[PDB]
$ cat entry-v3.txt   # compact mmCIF, C-alpha atoms and all ligand atoms
# COMPACT_ATOMS: atom_id res chain seq x y z
CA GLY A 33 152.63 179.03 -24.57
CA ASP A 34 155.14 181.15 -26.47
CA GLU A 35 157.99 179.12 -24.97
CA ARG A 36 156.78 175.82 -26.46
CA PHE A 37 155.87 177.40 -29.82
CA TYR A 38 159.32 178.92 -30.33
CA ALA A 39 161.14 175.90 -28.93
CA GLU A 40 159.20 173.27 -30.92
CA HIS A 41 158.04 175.02 -34.11
CA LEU A 42 159.40 178.47 -34.97
CA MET A 43 163.08 178.04 -34.09
CA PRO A 44 163.44 174.57 -35.65
CA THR A 45 161.83 175.94 -38.84
CA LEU A 46 164.09 179.01 -38.97
CA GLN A 47 167.12 176.74 -38.53
CA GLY A 48 165.88 174.48 -41.31
CA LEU A 49 165.65 177.40 -43.74
CA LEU A 50 168.63 179.56 -42.83
CA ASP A 51 172.32 179.00 -42.28
CA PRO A 52 173.32 180.17 -38.79
CA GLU A 53 174.99 183.46 -39.82
CA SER A 54 171.95 184.43 -41.91
CA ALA A 55 169.66 183.44 -39.05
CA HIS A 56 171.72 185.62 -36.71
CA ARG A 57 171.54 188.66 -38.99
CA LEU A 58 167.77 188.21 -39.26
CA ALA A 59 167.51 187.91 -35.48
CA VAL A 60 169.45 191.16 -34.99
CA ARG A 61 167.22 192.90 -37.54
CA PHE A 62 163.94 191.73 -35.98
CA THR A 63 165.17 192.62 -32.51
CA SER A 64 166.34 196.09 -33.55
CA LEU A 65 162.84 196.71 -34.98
CA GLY A 66 161.08 195.54 -31.81
CA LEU A 67 159.38 192.64 -33.58
CA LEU A 68 159.23 190.45 -30.49
CA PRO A 69 156.71 189.12 -28.04
CA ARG A 70 157.22 191.98 -25.57
CA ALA A 71 158.05 190.03 -22.42
CA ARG A 72 155.12 189.69 -20.04
CA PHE A 73 157.25 188.56 -17.10
CA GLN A 74 157.46 191.39 -14.55
CA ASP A 75 160.75 191.42 -12.66
CA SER A 76 160.27 190.95 -8.92
CA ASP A 77 162.40 192.70 -6.30
CA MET A 78 164.20 189.48 -5.42
CA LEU A 79 165.88 189.49 -8.86
CA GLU A 80 167.45 192.91 -8.28
CA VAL A 81 171.24 193.09 -7.87
CA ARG A 82 173.50 195.98 -6.92
CA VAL A 83 177.02 195.55 -8.26
CA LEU A 84 179.67 197.35 -10.37
CA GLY A 85 178.29 200.67 -9.11
CA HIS A 86 174.87 200.02 -10.62
CA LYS A 87 171.42 198.59 -10.08
CA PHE A 88 170.45 195.62 -12.24
CA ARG A 89 166.68 195.04 -12.37
CA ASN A 90 167.33 191.35 -13.04
CA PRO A 91 170.59 189.37 -13.27
CA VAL A 92 170.12 187.94 -16.79
CA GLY A 93 172.05 189.69 -19.56
CA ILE A 94 172.76 189.15 -23.23
CA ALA A 95 176.37 188.10 -23.76
CA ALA A 96 178.78 189.79 -26.15
CA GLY A 97 178.67 188.72 -29.77
CA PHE A 98 174.95 188.82 -30.44
CA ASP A 99 174.85 192.58 -30.96
CA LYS A 100 178.43 193.13 -32.08
CA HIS A 101 177.86 196.62 -33.48
CA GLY A 102 175.32 198.12 -31.06
CA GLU A 103 172.31 197.92 -33.40
CA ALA A 104 169.72 196.16 -31.24
CA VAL A 105 170.24 197.47 -27.71
CA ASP A 106 166.72 198.74 -27.07
CA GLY A 107 165.16 195.62 -28.60
CA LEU A 108 167.24 193.49 -26.23
CA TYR A 109 165.91 195.34 -23.16
CA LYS A 110 162.43 194.81 -24.63
CA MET A 111 163.21 191.07 -24.68
CA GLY A 112 163.60 191.23 -20.88
CA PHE A 113 167.38 191.26 -20.39
CA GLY A 114 168.44 193.07 -17.22
CA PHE A 115 171.56 194.33 -18.97
CA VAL A 116 173.06 194.40 -22.43
CA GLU A 117 176.63 193.91 -23.56
CA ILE A 118 177.58 194.90 -27.09
CA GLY A 119 180.74 194.05 -29.01
CA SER A 120 183.38 192.98 -29.35
CA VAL A 121 184.22 196.28 -31.06
CA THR A 122 187.63 196.74 -32.73
CA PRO A 123 189.33 200.12 -33.30
CA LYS A 124 189.13 200.02 -37.10
CA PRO A 125 186.41 198.25 -39.09
CA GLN A 126 187.31 194.72 -40.16
CA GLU A 127 185.47 191.94 -41.96
CA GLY A 128 186.51 188.98 -39.82
CA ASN A 129 187.06 185.46 -41.19
CA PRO A 130 185.78 184.07 -44.51
CA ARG A 131 182.41 182.29 -44.54
CA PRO A 132 181.21 179.87 -43.41
CA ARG A 133 182.31 180.78 -39.89
CA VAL A 134 179.43 179.69 -37.63
CA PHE A 135 178.02 176.21 -37.17
CA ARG A 136 175.11 174.66 -35.26
CA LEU A 137 175.47 171.42 -33.28
CA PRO A 138 171.80 170.78 -32.59
CA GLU A 139 172.38 167.32 -31.03
CA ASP A 140 174.60 169.04 -28.46
CA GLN A 141 172.63 172.33 -28.15
CA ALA A 142 175.89 173.95 -29.03
CA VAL A 143 177.39 176.35 -31.54
CA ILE A 144 180.91 176.64 -32.92
CA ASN A 145 182.00 180.03 -34.26
CA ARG A 146 185.10 181.57 -35.79
CA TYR A 147 183.81 185.04 -36.73
CA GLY A 148 187.21 186.61 -36.03
CA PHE A 149 186.01 189.95 -34.62
CA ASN A 150 183.92 191.16 -37.55
CA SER A 151 183.32 194.76 -36.45
CA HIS A 152 181.93 198.04 -37.78
CA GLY A 153 184.68 199.71 -35.70
CA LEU A 154 184.80 202.22 -32.86
CA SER A 155 183.70 205.30 -34.82
CA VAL A 156 180.51 203.75 -36.18
CA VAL A 157 179.56 202.23 -32.83
CA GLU A 158 180.41 205.54 -31.07
CA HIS A 159 177.96 207.45 -33.22
CA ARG A 160 175.32 204.73 -32.85
CA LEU A 161 175.52 204.93 -29.04
CA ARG A 162 175.66 208.74 -29.03
CA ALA A 163 172.33 208.82 -30.90
CA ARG A 164 170.65 207.16 -27.90
CA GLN A 165 172.99 208.30 -25.12
CA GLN A 166 170.35 210.02 -22.95
CA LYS A 167 167.83 207.24 -23.47
CA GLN A 168 170.51 204.90 -22.10
CA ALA A 169 171.19 207.20 -19.14
CA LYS A 170 167.51 206.82 -18.16
CA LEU A 171 167.57 203.06 -18.70
CA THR A 172 170.70 202.75 -16.57
CA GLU A 173 169.06 204.84 -13.85
CA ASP A 174 166.05 202.49 -14.05
CA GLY A 175 168.28 199.46 -13.52
CA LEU A 176 169.13 198.49 -17.11
CA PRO A 177 172.88 199.02 -17.59
CA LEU A 178 174.95 198.83 -20.78
CA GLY A 179 178.28 197.08 -21.22
CA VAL A 180 180.74 197.47 -24.08
CA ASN A 181 183.16 194.71 -25.01
CA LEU A 182 186.45 195.86 -26.56
CA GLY A 183 188.54 193.85 -29.02
CA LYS A 184 191.67 194.40 -31.08
CA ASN A 185 192.27 194.49 -34.81
CA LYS A 186 193.80 191.47 -36.54
CA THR A 187 196.76 193.49 -37.86
CA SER A 188 197.37 195.46 -34.64
CA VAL A 189 201.02 195.82 -33.65
CA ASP A 190 200.23 197.01 -30.10
CA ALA A 191 197.32 195.23 -28.38
CA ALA A 192 197.30 197.56 -25.38
CA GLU A 193 196.91 200.62 -27.60
CA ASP A 194 193.91 199.01 -29.33
CA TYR A 195 192.22 198.51 -25.97
CA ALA A 196 193.26 201.98 -24.82
CA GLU A 197 191.64 203.50 -27.90
CA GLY A 198 188.45 201.60 -27.10
CA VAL A 199 188.43 202.91 -23.53
CA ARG A 200 188.83 206.49 -24.77
CA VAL A 201 186.15 206.27 -27.47
CA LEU A 202 183.45 204.03 -25.93
CA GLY A 203 184.28 204.24 -22.22
CA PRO A 204 182.29 207.49 -21.92
CA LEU A 205 179.21 205.74 -23.32
CA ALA A 206 179.35 202.57 -21.22
CA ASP A 207 178.39 201.55 -17.72
CA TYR A 208 181.11 198.91 -17.91
CA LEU A 209 183.86 197.95 -20.32
CA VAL A 210 185.15 194.46 -21.02
CA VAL A 211 188.70 193.68 -21.98
CA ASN A 212 188.29 190.55 -23.96
CA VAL A 213 191.61 188.77 -23.94
CA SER A 214 189.90 185.39 -24.47
CA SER A 215 188.55 185.17 -28.04
CA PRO A 216 189.86 181.91 -29.51
CA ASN A 217 189.64 183.34 -33.05
CA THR A 218 192.32 186.05 -33.07
CA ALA A 219 195.92 184.85 -33.23
CA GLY A 220 197.93 185.54 -30.08
CA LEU A 221 195.02 187.28 -28.37
CA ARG A 222 194.65 184.75 -25.57
CA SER A 223 198.37 185.00 -24.73
CA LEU A 224 197.42 188.43 -23.29
CA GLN A 225 196.11 186.43 -20.31
CA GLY A 226 199.65 185.64 -19.10
CA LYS A 227 200.80 187.55 -16.01
CA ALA A 228 203.57 189.94 -17.09
CA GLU A 229 201.80 191.28 -20.16
CA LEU A 230 198.36 191.14 -18.56
CA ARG A 231 199.63 193.45 -15.80
CA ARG A 232 201.08 195.86 -18.38
CA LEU A 233 197.94 195.71 -20.53
CA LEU A 234 195.48 196.23 -17.68
CA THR A 235 197.57 198.96 -16.06
CA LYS A 236 197.31 200.95 -19.30
CA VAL A 237 193.57 200.24 -19.65
CA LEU A 238 192.87 201.39 -16.10
CA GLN A 239 195.02 204.53 -16.54
CA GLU A 240 192.96 205.48 -19.59
CA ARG A 241 189.72 204.74 -17.73
CA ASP A 242 190.77 206.81 -14.74
CA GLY A 243 191.47 209.69 -17.15
CA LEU A 244 187.77 209.98 -18.07
CA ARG A 245 185.48 212.50 -16.40
CA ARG A 246 183.71 211.10 -13.37
CA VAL A 247 180.18 210.75 -14.80
CA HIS A 248 181.70 209.06 -17.89
CA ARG A 249 183.94 206.65 -16.00
CA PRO A 250 182.99 202.98 -16.49
CA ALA A 251 183.76 199.87 -14.49
CA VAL A 252 186.42 197.69 -16.16
CA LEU A 253 186.07 193.91 -16.35
CA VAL A 254 188.30 191.18 -17.80
CA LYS A 255 186.73 188.35 -19.79
CA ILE A 256 188.56 185.07 -19.65
CA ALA A 257 188.58 181.74 -21.40
CA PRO A 258 187.48 178.42 -19.91
CA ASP A 259 190.73 176.87 -21.18
CA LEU A 260 193.18 178.40 -18.70
CA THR A 261 195.75 176.40 -16.78
CA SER A 262 195.69 176.54 -12.98
CA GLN A 263 198.76 178.79 -13.22
CA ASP A 264 196.93 181.13 -15.60
CA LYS A 265 193.98 181.40 -13.23
CA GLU A 266 196.20 182.10 -10.20
CA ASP A 267 198.06 184.79 -12.13
CA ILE A 268 194.88 186.47 -13.37
CA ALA A 269 193.40 186.46 -9.87
CA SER A 270 196.58 188.04 -8.51
CA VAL A 271 196.77 190.79 -11.14
CA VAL A 272 193.06 191.57 -10.89
CA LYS A 273 193.33 192.09 -7.12
CA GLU A 274 196.62 193.99 -7.38
CA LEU A 275 195.28 196.48 -9.92
CA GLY A 276 191.74 196.83 -8.56
CA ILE A 277 190.00 195.49 -11.67
CA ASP A 278 186.27 195.87 -11.09
CA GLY A 279 185.15 192.43 -12.19
CA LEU A 280 185.51 189.28 -14.27
CA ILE A 281 183.40 187.75 -17.03
CA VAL A 282 183.64 183.98 -16.84
CA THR A 283 183.68 182.54 -19.53
CA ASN A 284 184.20 182.98 -23.26
CA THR A 285 183.85 180.00 -25.63
CA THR A 286 186.10 176.93 -25.39
CA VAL A 287 188.65 175.64 -27.92
CA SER A 288 188.32 172.27 -26.22
CA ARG A 289 185.98 169.60 -27.58
CA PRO A 290 184.53 167.73 -24.62
CA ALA A 291 184.09 164.00 -25.06
CA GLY A 292 180.61 163.03 -26.19
CA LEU A 293 179.83 165.74 -28.78
CA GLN A 294 177.51 164.28 -31.42
CA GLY A 295 177.12 167.10 -33.93
CA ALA A 296 178.50 166.39 -37.39
CA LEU A 297 180.32 169.74 -37.26
CA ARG A 298 182.09 169.11 -33.93
CA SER A 299 185.58 169.24 -35.52
CA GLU A 300 185.14 172.68 -37.09
CA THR A 301 187.70 175.22 -35.90
CA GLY A 302 186.43 177.82 -33.45
CA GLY A 303 184.99 178.46 -30.03
CA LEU A 304 182.32 176.12 -28.68
CA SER A 305 179.33 177.55 -26.78
CA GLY A 306 176.11 176.24 -25.29
CA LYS A 307 175.47 173.27 -23.11
CA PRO A 308 178.78 171.47 -23.54
CA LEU A 309 180.43 174.59 -22.08
CA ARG A 310 178.08 174.92 -19.13
CA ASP A 311 179.79 173.09 -16.32
CA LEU A 312 183.32 173.99 -17.51
CA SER A 313 182.26 177.64 -17.16
CA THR A 314 180.60 177.08 -13.79
CA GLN A 315 183.78 175.47 -12.44
CA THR A 316 185.88 178.37 -13.71
CA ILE A 317 183.53 180.74 -11.85
CA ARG A 318 183.91 178.64 -8.71
CA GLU A 319 187.70 178.76 -8.92
CA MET A 320 187.97 182.48 -9.71
CA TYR A 321 185.57 183.38 -6.88
CA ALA A 322 187.74 181.43 -4.42
CA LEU A 323 191.01 182.87 -5.76
CA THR A 324 189.65 186.41 -5.37
CA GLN A 325 188.09 185.71 -1.95
CA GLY A 326 184.65 186.64 -3.26
CA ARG A 327 185.73 190.29 -3.44
CA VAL A 328 185.68 190.60 -7.25
CA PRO A 329 182.24 190.58 -8.93
CA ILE A 330 181.82 187.84 -11.52
CA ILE A 331 179.48 187.78 -14.49
CA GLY A 332 178.86 184.10 -15.23
CA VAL A 333 178.34 182.93 -18.78
CA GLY A 334 178.35 179.65 -20.68
CA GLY A 335 175.53 177.23 -21.44
CA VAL A 336 172.77 178.94 -19.43
CA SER A 337 169.27 178.01 -20.65
CA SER A 338 167.31 177.52 -17.42
CA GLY A 339 166.82 178.93 -13.95
CA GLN A 340 168.81 175.98 -12.58
CA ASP A 341 171.72 176.81 -14.89
CA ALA A 342 171.62 180.44 -13.72
CA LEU A 343 171.40 179.59 -10.01
CA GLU A 344 174.27 177.12 -10.26
CA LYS A 345 176.49 179.90 -11.57
CA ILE A 346 175.23 182.37 -8.96
CA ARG A 347 175.84 179.91 -6.10
CA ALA A 348 179.30 179.23 -7.59
CA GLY A 349 180.09 182.94 -7.25
CA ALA A 350 178.45 184.91 -10.07
CA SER A 351 176.64 188.16 -9.23
CA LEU A 352 175.11 188.28 -12.72
CA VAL A 353 174.75 185.85 -15.62
CA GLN A 354 174.61 186.10 -19.39
CA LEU A 355 173.39 183.84 -22.17
CA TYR A 356 173.62 183.77 -25.95
CA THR A 357 173.51 180.30 -27.49
CA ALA A 358 170.22 179.42 -25.72
CA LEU A 359 168.58 182.10 -27.90
CA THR A 360 169.55 180.11 -30.99
CA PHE A 361 167.66 177.03 -29.82
CA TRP A 362 164.83 178.49 -27.69
CA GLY A 363 164.36 181.99 -29.11
CA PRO A 364 163.36 185.13 -27.15
CA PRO A 365 161.01 183.31 -24.75
CA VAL A 366 164.04 181.76 -23.04
CA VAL A 367 164.78 185.04 -21.24
CA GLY A 368 161.47 185.07 -19.33
CA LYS A 369 161.84 181.33 -18.75
CA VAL A 370 165.21 181.68 -17.03
CA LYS A 371 163.99 184.57 -14.88
CA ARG A 372 160.77 182.80 -13.81
CA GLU A 373 162.58 179.54 -13.01
CA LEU A 374 165.34 181.38 -11.14
CA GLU A 375 162.82 183.22 -8.96
CA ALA A 376 161.04 179.93 -8.18
CA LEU A 377 164.29 178.16 -7.23
CA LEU A 378 165.49 181.02 -5.02
CA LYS A 379 162.24 180.71 -3.05
CA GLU A 380 162.49 176.92 -2.90
CA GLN A 381 166.03 177.01 -1.55
CA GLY A 382 165.24 179.67 1.06
CA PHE A 383 167.02 182.69 -0.44
CA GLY A 384 165.51 186.14 0.13
CA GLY A 385 166.82 187.16 -3.27
CA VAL A 386 169.63 186.73 -5.78
CA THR A 387 172.08 188.65 -3.61
CA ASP A 388 171.76 186.11 -0.78
CA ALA A 389 172.59 183.28 -3.20
CA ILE A 390 175.81 184.77 -4.62
CA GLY A 391 178.70 182.49 -3.69
CA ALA A 392 176.46 180.40 -1.40
CA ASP A 393 178.22 177.11 -2.33
CA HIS A 394 181.44 178.40 -0.76
CA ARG A 395 179.71 178.98 2.59
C1 LIG B 1 160.01 186.66 -34.58
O1 LIG B 1 160.74 185.91 -33.63
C2 LIG B 1 162.04 186.29 -33.33
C3 LIG B 1 162.33 187.53 -32.77
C4 LIG B 1 163.66 187.85 -32.49
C5 LIG B 1 164.70 186.96 -32.76
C6 LIG B 1 164.42 185.71 -33.33
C7 LIG B 1 165.49 184.76 -33.62
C8 LIG B 1 166.47 184.31 -32.72
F1 LIG B 1 166.44 184.77 -31.47
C9 LIG B 1 167.48 183.39 -33.04
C10 LIG B 1 167.57 182.89 -34.33
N1 LIG B 1 168.58 181.94 -34.67
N2 LIG B 1 168.26 180.69 -35.23
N3 LIG B 1 169.32 180.00 -35.44
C11 LIG B 1 170.45 180.75 -35.04
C12 LIG B 1 169.96 181.97 -34.55
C13 LIG B 1 170.87 183.01 -34.03
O2 LIG B 1 170.44 184.05 -33.61
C14 LIG B 1 172.33 182.68 -34.06
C15 LIG B 1 173.22 183.63 -33.58
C16 LIG B 1 174.59 183.40 -33.58
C17 LIG B 1 175.08 182.20 -34.06
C18 LIG B 1 174.20 181.24 -34.54
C19 LIG B 1 172.82 181.45 -34.55
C20 LIG B 1 171.87 180.42 -35.07
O3 LIG B 1 172.28 179.35 -35.49
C21 LIG B 1 166.62 183.29 -35.27
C22 LIG B 1 165.61 184.21 -34.92
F2 LIG B 1 164.76 184.57 -35.85
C23 LIG B 1 163.08 185.38 -33.61
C1 LIG B 2 178.42 183.49 -32.48
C2 LIG B 2 179.11 183.95 -31.22
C3 LIG B 2 179.83 185.14 -31.25
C4 LIG B 2 180.49 185.62 -30.12
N1 LIG B 2 181.21 186.81 -30.15
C5 LIG B 2 181.83 187.28 -29.01
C6 LIG B 2 182.53 188.49 -29.00
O1 LIG B 2 182.62 189.22 -30.01
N2 LIG B 2 183.15 188.90 -27.84
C7 LIG B 2 183.08 188.16 -26.68
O2 LIG B 2 183.64 188.55 -25.65
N3 LIG B 2 182.39 186.97 -26.68
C8 LIG B 2 181.76 186.53 -27.83
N4 LIG B 2 181.06 185.35 -27.80
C9 LIG B 2 181.02 184.56 -26.52
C10 LIG B 2 179.76 184.78 -25.71
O3 LIG B 2 179.74 186.13 -25.28
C11 LIG B 2 179.74 183.84 -24.50
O4 LIG B 2 180.86 184.13 -23.67
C12 LIG B 2 179.78 182.35 -24.88
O5 LIG B 2 179.11 182.13 -26.10
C13 LIG B 2 179.19 181.44 -23.80
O6 LIG B 2 177.84 181.75 -23.54
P1 LIG B 2 176.65 180.87 -24.19
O7 LIG B 2 176.99 179.41 -23.98
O8 LIG B 2 175.38 181.26 -23.49
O9 LIG B 2 176.57 181.20 -25.68
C14 LIG B 2 180.42 184.89 -28.94
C15 LIG B 2 179.69 183.69 -28.91
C16 LIG B 2 179.05 183.21 -30.04
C17 LIG B 2 178.28 181.92 -29.93
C1 LIG B 3 181.78 167.42 -18.16
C2 LIG B 3 182.17 167.98 -19.48
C3 LIG B 3 181.32 167.37 -20.51
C4 LIG B 3 181.07 168.31 -21.69
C5 LIG B 3 179.75 169.05 -21.68
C6 LIG B 3 178.53 168.27 -21.17
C7 LIG B 3 177.17 168.62 -21.74
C8 LIG B 3 176.02 168.11 -20.81
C9 LIG B 3 174.84 167.53 -21.58
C10 LIG B 3 173.46 168.30 -21.44
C11 LIG B 3 173.01 168.88 -22.83
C12 LIG B 3 171.78 168.40 -23.42
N1 LIG B 3 171.77 168.64 -24.96
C13 LIG B 3 170.35 168.83 -25.40
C14 LIG B 3 172.33 169.98 -25.23
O1 LIG B 3 172.34 167.76 -25.67
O1 LIG B 4 184.40 187.18 -33.06
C1 LIG B 4 184.66 186.02 -32.81
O2 LIG B 4 185.08 185.05 -33.43
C2 LIG B 4 184.54 185.62 -31.25
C3 LIG B 4 185.06 186.53 -30.29
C4 LIG B 4 184.99 186.04 -28.86
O3 LIG B 4 185.41 186.76 -27.94
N1 LIG B 4 184.45 184.80 -28.64
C5 LIG B 4 183.97 183.93 -29.59
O4 LIG B 4 183.50 182.82 -29.44
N2 LIG B 4 184.07 184.45 -30.96

$ encode --input "entry-v3.txt" --output "structure tokens"
Amino acid sequence: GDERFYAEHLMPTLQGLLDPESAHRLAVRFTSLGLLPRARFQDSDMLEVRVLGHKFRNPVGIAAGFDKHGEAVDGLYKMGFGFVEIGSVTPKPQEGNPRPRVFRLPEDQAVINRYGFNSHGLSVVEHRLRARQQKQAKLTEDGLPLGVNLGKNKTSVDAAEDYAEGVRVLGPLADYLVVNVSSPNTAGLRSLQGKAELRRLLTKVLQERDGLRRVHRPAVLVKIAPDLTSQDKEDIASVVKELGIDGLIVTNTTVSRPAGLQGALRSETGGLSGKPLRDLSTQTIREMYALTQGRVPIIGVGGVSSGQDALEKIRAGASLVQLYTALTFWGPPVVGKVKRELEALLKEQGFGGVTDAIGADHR
């Protein structure tokens, strides 16, 4: 009912009226005010996952970049997400790139963006999360954890110190932190994925994390690009296991342009998301799971808009999944859709629950 209405009428009309950045801002505003069809899908026990030191009521989260500044967290749980990731947040406020900087590719169910880490900054987000800190503690206890994605300022001279500052300021307010060294829209950022400097970077991040008081000590994950060489992936897997990184987020957007894109805006600079990313991301999950011997939890992200998409990433090795771009084309009803379809498929394929399906393709 709602699914078809949003997919066929409301969302196409919103897109026809509003440029994508304006549409996004509106979406954040409506969500933050709770103006949603409060999801009627009740999460079953077979969607529950225990990972990263926490219970997740369902495995479907909102990816970083939708709520960059932590303004819509409670609205996103109301939408039915099992967990919420905010950010990326940079140490100091910054405006990001000039407009236009986000583009729809409707023929491809894809988006291209070059926001460039527009961020209200750590201090503003810190106070925003503090204002609801105990509400979040209850939510987390009830299986609805919060992640915080950390970025670095454009003019930063020391990337590791930017991330360290983020750990110190928002680590105490997060169930998990993400070190995003994979945005395609900040010069030299991705080069932080190389081995020598990744080890240095992550050693410092983990030191800072370990310095937090026990009840305020988050898991630390690394978010990687889909555009890594085999060498890059081997090196990341090695460092992650060496240092005891708690997990991986796989993947960010791609700077590649797969053959077959039809959208008029396909040659815009930026990271590509949505369906053309889907299988590239799933294969990166598959590879990283194997390289880490299934011992490092993976959050799978890229082009998920159905239960099949979710289950493919779970069977490839993901313990949890996220989506973003599907919201742009399907609206809020897509969250319940993915969860309902995922539950149905798990039953069909003989899994007792999500946990039994994690990494199943490798076995
Ligand atoms: C009353 O019903 C509700 C309730 C809550 C939210 C919404 C809603 C929504 F979920 C997505 C959009 N939306 N349409 N096009 C786009 C978006 C983005 O969010 C977006 C984000 C980032 C890049 C690009 C885009 C983009 O191109 C518009 C909405 F109003 C509708
Ligand atoms: C408009 C937009 C902004 C994004 N901003 C961030 C960000 O700030 N930090 C981050 O780690 N990922 C960011 N992402 C990447 C998403 O978190 C996700 O990894 C990617 O879009 C693939 O998922 P999807 O195909 O479901 O959208 C952004 C994606 C989009 C489309
Ligand atoms: C194998 C790499 C190819 C690039 C990505 C492939 C996209 C698969 C097409 C399914 C998407 C359907 N749609 C509506 C979004 O166009
Ligand atoms: O802010 C952005 O441009 C951005 C950051 C990121 O990590 N990924 C992405 O696609 N865009």

$ residues_near_ligand --input "entry-v3.txt" --ligand "ligand LIG 1 (chain B)" --cutoff "7 Å" --atoms "only C-alpha atoms and all ligand atoms" --output "VMD selection string"
chain A and resid 43 46 to 47 51 to 53 55 to 56 58 to 60 62 to 63 67 to 68 98 134 to 136 143 357 359 to 361 363 to 364

$ residues_near_ligand --input "entry-v3.txt" --ligand "ligand LIG 3 (chain B)" --cutoff "6 Å" --atoms "only C-alpha atoms and all ligand atoms" --output "ChimeraX atom specification"
/A:139-141,290,307-309

$ residues_near_ligand --input "entry-v3.txt" --ligand "ligand LIG 2 (chain B)" --cutoff "7 Å" --atoms "only C-alpha atoms and all ligand atoms" --output "PDB file with C-alpha atoms, in the coordinates of the input"
ATOM      1  CA  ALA A  95     176.370 188.100 -23.760  1.00  0.00           C
ATOM      2  CA  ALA A  96     178.780 189.790 -26.150  1.00  0.00           C
ATOM      3  CA  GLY A  97     178.670 188.720 -29.770  1.00  0.00           C
ATOM      4  CA  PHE A  98     174.950 188.820 -30.440  1.00  0.00           C
ATOM      5  CA  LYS A 100     178.430 193.130 -32.080  1.00  0.00           C
ATOM      6  CA  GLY A 119     180.740 194.050 -29.010  1.00  0.00           C
ATOM      7  CA  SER A 120     183.380 192.980 -29.350  1.00  0.00           C
ATOM      8  CA  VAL A 134     179.430 179.690 -37.630  1.00  0.00           C
ATOM      9  CA  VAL A 143     177.390 176.350 -31.540  1.00  0.00           C
ATOM     10  CA  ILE A 144     180.910 176.640 -32.920  1.00  0.00           C
ATOM     11  CA  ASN A 145     182.000 180.030 -34.260  1.00  0.00           C
ATOM     12  CA  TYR A 147     183.810 185.040 -36.730  1.00  0.00           C
ATOM     13  CA  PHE A 149     186.010 189.950 -34.620  1.00  0.00           C
ATOM     14  CA  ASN A 181     183.160 194.710 -25.010  1.00  0.00           C
ATOM     15  CA  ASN A 212     188.290 190.550 -23.960  1.00  0.00           C
ATOM     16  CA  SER A 215     188.550 185.170 -28.040  1.00  0.00           C
ATOM     17  CA  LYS A 255     186.730 188.350 -19.790  1.00  0.00           C
ATOM     18  CA  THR A 283     183.680 182.540 -19.530  1.00  0.00           C
ATOM     19  CA  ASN A 284     184.200 182.980 -23.260  1.00  0.00           C
ATOM     20  CA  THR A 285     183.850 180.000 -25.630  1.00  0.00           C
ATOM     21  CA  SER A 305     179.330 177.550 -26.780  1.00  0.00           C
ATOM     22  CA  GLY A 306     176.110 176.240 -25.290  1.00  0.00           C
ATOM     23  CA  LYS A 307     175.470 173.270 -23.110  1.00  0.00           C
ATOM     24  CA  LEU A 309     180.430 174.590 -22.080  1.00  0.00           C
ATOM     25  CA  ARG A 310     178.080 174.920 -19.130  1.00  0.00           C
ATOM     26  CA  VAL A 333     178.340 182.930 -18.780  1.00  0.00           C
ATOM     27  CA  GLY A 334     178.350 179.650 -20.680  1.00  0.00           C
ATOM     28  CA  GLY A 335     175.530 177.230 -21.440  1.00  0.00           C
ATOM     29  CA  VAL A 336     172.770 178.940 -19.430  1.00  0.00           C
ATOM     30  CA  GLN A 354     174.610 186.100 -19.390  1.00  0.00           C
ATOM     31  CA  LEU A 355     173.390 183.840 -22.170  1.00  0.00           C
ATOM     32  CA  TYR A 356     173.620 183.770 -25.950  1.00  0.00           C
ATOM     33  CA  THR A 357     173.510 180.300 -27.490  1.00  0.00           C
ATOM     34  CA  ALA A 358     170.220 179.420 -25.720  1.00  0.00           C
TER      35      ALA A 358
END

$ atom_distance --input "entry-v3.txt" --atom1 "CA of residue 196 in chain A" --atom2 "CA of residue 326 in chain A"
27.8 Å

$ residues_around --input "entry-v3.txt" --residues "residue 276 in chain A" --least-positions-apart "4" --cutoff "12 Å" --atoms "all atoms listed in the file" --output "count of residues only"
21

$ axis_aligned_box --input "entry-v3.txt" --around "ligand LIG 4 (chain B)" --padding-each-side "4 Å" --output "AutoDock Vina command-line options"
--center_x 184.5 --center_y 185.0 --center_z -30.7 --size_x 9.9 --size_y 12.4 --size_z 13.5

$ residues_around --input "entry-v3.txt" --residues "residue 394 in chain A" --least-positions-apart "5" --cutoff "8 Å" --atoms "only C-alpha atoms" --output "PyMOL selection string"
chain A and resi 322+347-348

$ closest_residue --input "entry-v3.txt" --among "A:205, A:49, A:330, A:79" --to "residue 378 in chain A" --atoms "only C-alpha atoms"
A:79

$ atom_distance --input "entry-v3.txt" --atom1 "CA of residue 176 in chain A" --atom2 "CA of residue 104 in chain A"
14.3 Å

$ closest_residue --input "entry-v3.txt" --among "A:131, A:369, A:72, A:345" --to "ligand LIG 4 (chain B)" --atoms "all atoms listed in the file"
A:131

$ residues_around --input "entry-v3.txt" --residues "residue 146 in chain A" --least-positions-apart "6" --cutoff "7 Å" --atoms "only C-alpha atoms" --output "number ranges by chain"
A: 129, 133-134, 217, 301-303

$ atom_distance --input "entry-v3.txt" --atom1 "CA of residue 183 in chain A" --atom2 "CA of residue 156 in chain A"
14.6 Å

$ closest_residue --input "entry-v3.txt" --among "A:296, A:199, A:221, A:282" --to "residue 353 in chain A" --atoms "all atoms listed in the file"
A:282

$ closest_residue --input "entry-v3.txt" --among "A:45, A:286, A:262, A:316" --to "ligand LIG 4 (chain B)" --atoms "all atoms listed in the file"
A:286
